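Here's a solo chain for you in structure tokens, the form deposited in one PDB entry.
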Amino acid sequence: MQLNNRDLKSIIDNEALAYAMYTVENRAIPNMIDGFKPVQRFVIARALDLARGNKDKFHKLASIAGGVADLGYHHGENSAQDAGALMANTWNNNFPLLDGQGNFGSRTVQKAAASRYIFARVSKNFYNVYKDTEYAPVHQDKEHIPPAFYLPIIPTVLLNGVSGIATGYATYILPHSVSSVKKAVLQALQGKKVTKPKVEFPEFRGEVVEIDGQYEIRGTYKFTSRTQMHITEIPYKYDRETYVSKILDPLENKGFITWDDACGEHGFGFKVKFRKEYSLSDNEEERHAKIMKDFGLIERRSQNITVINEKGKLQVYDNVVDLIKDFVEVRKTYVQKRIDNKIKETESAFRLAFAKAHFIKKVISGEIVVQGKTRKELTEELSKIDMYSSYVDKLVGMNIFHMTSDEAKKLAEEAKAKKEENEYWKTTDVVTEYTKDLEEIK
């Protein structure tokens, strides 16, 4: 018994605040640079761990989850499964970061199969766009093995469309076409006026327009005759079930329309026959308005661009193009850090290779007689306190097929190649490297 007195103000200010802010920074509000919520980041990190051995192998979605627990995801594996199932689709993602094998859901029915059937792997889009994985920032807590955020070439957050919800805050970003985002990023790189990205929903054949900052998503319908119509498209928010049970069951029950189903390969294709109980005024504008209103082919959504900046704090943007003019700037510094790290690594590798070649030449020339001496003193001997004394243990561990002349010149060739690579890395700029990495995205 350790009875202590606690006040409600201290409980709310400490424990309730800790959860409420944790929900903001972890449960939702995807990172601006990453484009991932933490659960999706863990899922993709585990998928990369699995694909390390072979990137073309499909792994069970149950295998992608479950193992996320050791990486630092202490929030139950069902959420990880569900978040990994929402990333491997193509109807939901305009730029998927996981490839799938099985019934991952379609636009008609927006639910994936159970985790026991469908397989997932890291798609070619992730390898094409996401670079500098090894140079990603390290998370503050040691149990968070995945980095703070990956480093995509383009802001994947405005690519697939996020909808996060938190205590006090929420986010909603509409999908944008990959080509337009790439063009905007390139313009921001070169430092000119940047065109706003164009909203494009995946597997959607319709019209999306800008009206006073809103975004009206419209389907398409045509009249095959006086009384027959063909719903060629429906707004993106609708499934086959929540569209039928919301617009066509009430209309059929009221005895206004008689609808057939044609939701084939061409998305949704409902065919509607009108009765005399439905108004069919010959006015074109009025008829179009009535059809769009009763059939729910018009859906209005407004972006709530709330993200997490590079400093791990909530930030709210207003313009659609305001992540780009900041993501590009931070990614430039990160590419500069990559360049410096590569320069240091290449210099170290070239020095090691040159020292290796020099030691090989000295040992094949009889300067260092290996026979007739103990390993410890030989390490303490002329192999130490000399130009290659820093890599004495590495040289000592050399294998056999290097005294031979077959590889004696090969080591010198590799040292020269490393020096050339270091010279290349020194003779480069961050703008050129970033604009070269952008050409990979076709």
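So that there is no doubt, residue numbering starts at 1 and follows the sequence shown. We call the rigid core the largest set of C-alpha positions that still match within 1.5 Å between the two forms.
Note that the form deposited in another entry isn't included here; everything after this is about it.
- Looking at CA displacements between the shown form and the other one with the core superposed, a shift of 2 Å or more is confined, among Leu71, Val330, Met292, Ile153, to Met292.
- In a rigid-core overlay of the protein, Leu395 has its C-alpha displaced by at least 2 Å between the shown form and the other one.
- A displacement of 2 angstroms or greater separates the C-alpha positions of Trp259 between the shown form and the other one, with the rigid core held in common.
- After superposing the rigid core, the Cα of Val138 is displaced by less than 2 Å between the shown form and the other one.
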